[PDB]
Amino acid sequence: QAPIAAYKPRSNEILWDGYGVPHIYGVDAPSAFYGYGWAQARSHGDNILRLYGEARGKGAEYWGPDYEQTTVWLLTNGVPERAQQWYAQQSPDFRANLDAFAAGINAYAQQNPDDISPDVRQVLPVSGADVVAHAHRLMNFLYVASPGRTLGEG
């Protein structure tokens, strides 16, 4: 017994629901990823931009002393550079999905600048490598090797 018939989008659209849940319909992969980028930027853009800023190792530069130690942690562990490497090392198809996702964010911000907090404007535009750099911080340098276990603060 086969599943229900899969849906074939004919146009790129986000149908949002009453709870602000995006249903992103793309005619191909980069399109859906772009929609997804747009949506995430709408619902969470400010904090996403701040996080990407940090994972560039630009926390201290964009936002001063409160962000300095995470900056030292990520530079010392060569995170922003490694993310550029991992980005180049992506498969062509998936790398294109990432560029699209990043393009969605940039496009939402460009079309809706009022929605973007003054303090995170300087981070734009964001790149495929930003997207890889944040995921890399999250998995390896928050989950696996937290600054606390190494520095002995907890």
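Residues carry their position along the shown sequence, with the first being 1.
(message) Please compare 143 to 151 with 3 to 11 and say which has the higher mean C-alpha temperature factor in the record.
(response) Comparing 143 to 151 with 3 to 11, the higher average CA B-factor belongs to 3 to 11.
(request) Would you determine, from the values in the PDB entry, which of 21 to 29 and 128 to 136 has the greater average C-alpha temperature factor? (result) For C-alpha atoms only, the mean B-factor is higher in 21 to 29.
(request) Determine, from the deposited record, the chain-internal third of the Cα B-factor for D46: lowest, middle or highest. (result) For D46, the deposited C-alpha B-factor lands in the middle third.
(message) Looking at the temperature factor on the CA atom of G64, which third of the chain's modelled residues does it land in?
(response) According to the entry, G64 has a C-alpha B-factor in the chain's highest third.
(request) Can you work out whether the C-alpha temperature factor of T71 puts it in the lowest, middle or highest third of the chain? (result) It falls in the top third of the chain.
(message) Please say which third, lowest, middle or highest, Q111 falls into when its CA temperature factor is compared across its chain.
(response) It falls in the top third of the chain.
(message) Please say which third, lowest, middle or highest, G35 falls into when its CA temperature factor is compared across its chain.
(response) Middle third - that is where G35 ends up once the chain's C-alpha B-factors are sorted.
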